[PDB]
Amino acid sequence: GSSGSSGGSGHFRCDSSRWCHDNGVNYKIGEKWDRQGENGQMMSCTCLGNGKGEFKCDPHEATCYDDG
């Protein structure tokens, strides 16, 4: 099915339209911060916006081979 969980309306109308929130921190569209991963390593997130303040996170590593 769908609509299983529910809770948390929007009574107030703050001025947060171009900001993001993860661990109680205001990030600017494009900015980047550090966080924890599913396993344990650290993950880097980059604020995108596309609305309220969407964002993504990808694992950083030096898995780049050399050419020549």
# chains A, B, ... in the order shown; residues from 1 in each chain; ligands from 1
$ closest_atom_pairs --of "range 15-53 of chain A" --to "range 59-64 of chain A" --cutoff "10 Å" --atoms "only C-alpha atoms" --output "tab-separated table"
residue	atom	partner	partner_atom	distance
A:36	CA	A:59	CA	10.0
A:37	CA	A:59	CA	8.0
A:41	CA	A:59	CA	8.2
A:42	CA	A:59	CA	7.1
A:43	CA	A:59	CA	5.0
A:44	CA	A:59	CA	6.4
A:45	CA	A:59	CA	9.0
$ select_by_dssp --residues "range 12-60 of chain A" --states "strand (DSSP E or B)" --output "PyMOL selection string"
chain A and resi 20+27+32-36+42-49+54-59
$ write_last_selection --atoms "N, CA and C atoms" --output "CSV table (one decimal), in the first residue's frame"
chain,number,residue,atom,x,y,z
A,20,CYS,N,19.2,24.3,3.0
A,20,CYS,CA,19.1,22.9,3.2
A,20,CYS,C,19.3,22.6,4.7
A,27,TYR,N,23.0,25.0,4.9
A,27,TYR,CA,23.9,24.9,3.8
A,27,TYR,C,23.4,25.7,2.6
A,32,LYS,N,29.3,22.2,0.3
A,32,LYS,CA,29.5,20.8,0.5
A,32,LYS,C,30.0,20.6,2.0
A,33,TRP,N,29.6,19.4,2.6
A,33,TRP,CA,29.9,19.1,4.0
A,33,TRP,C,30.2,17.6,4.1
A,34,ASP,N,30.7,17.3,5.3
A,34,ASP,CA,31.1,15.9,5.6
A,34,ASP,C,30.0,15.2,6.4
A,35,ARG,N,29.9,13.9,6.3
A,35,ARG,CA,28.9,13.2,7.1
A,35,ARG,C,29.3,11.7,7.2
A,36,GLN,N,28.4,10.9,7.9
A,36,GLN,CA,28.7,9.5,8.1
A,36,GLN,C,28.0,8.6,7.0
A,42,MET,N,33.1,8.2,5.6
A,42,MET,CA,32.5,9.5,5.5
A,42,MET,C,31.9,9.8,4.1
A,43,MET,N,30.8,10.5,4.0
A,43,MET,CA,30.2,10.8,2.7
A,43,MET,C,30.1,12.3,2.5
A,44,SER,N,30.3,12.8,1.3
A,44,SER,CA,30.2,14.2,1.0
A,44,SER,C,28.9,14.5,0.3
A,45,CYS,N,28.2,15.5,0.8
A,45,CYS,CA,26.9,16.0,0.3
A,45,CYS,C,27.1,17.3,-0.4
A,46,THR,N,26.3,17.5,-1.4
A,46,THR,CA,26.3,18.8,-2.2
A,46,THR,C,24.9,19.3,-2.4
A,47,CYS,N,24.6,20.5,-1.7
A,47,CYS,CA,23.3,21.1,-1.8
A,47,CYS,C,23.0,21.5,-3.2
A,48,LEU,N,21.8,21.0,-3.7
A,48,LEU,CA,21.3,21.3,-5.0
A,48,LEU,C,20.1,22.3,-5.0
A,49,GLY,N,19.1,22.0,-4.2
A,49,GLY,CA,18.0,22.8,-4.1
A,49,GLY,C,16.8,22.2,-4.8
A,54,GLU,N,16.7,20.3,-1.7
A,54,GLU,CA,17.2,19.0,-2.0
A,54,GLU,C,18.7,18.9,-2.0
A,55,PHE,N,19.2,17.7,-1.9
A,55,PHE,CA,20.7,17.5,-2.0
A,55,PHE,C,21.0,16.0,-2.2
A,56,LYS,N,22.3,15.8,-2.5
A,56,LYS,CA,22.7,14.4,-2.8
A,56,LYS,C,24.0,14.1,-2.0
A,57,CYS,N,24.4,12.9,-2.0
A,57,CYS,CA,25.7,12.5,-1.3
A,57,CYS,C,26.3,11.3,-1.9
A,58,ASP,N,27.6,11.4,-2.2
A,58,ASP,CA,28.3,10.3,-2.8
A,58,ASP,C,29.6,10.0,-2.1
A,59,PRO,N,30.1,8.7,-2.1
A,59,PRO,CA,31.3,8.3,-1.4
A,59,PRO,C,32.5,8.8,-2.2
$ closest_residue --among "A:52, A:29, A:2, A:40" --to "residue 14 in chain A" --atoms "only C-alpha atoms"
A:52
$ atom_distance --atom1 "CA of residue 25 in chain A" --atom2 "CA of residue 51 in chain A"
17.4 Å
$ atom_distance --atom1 "CA of residue 10 in chain A" --atom2 "CA of residue 23 in chain A"
19.8 Å
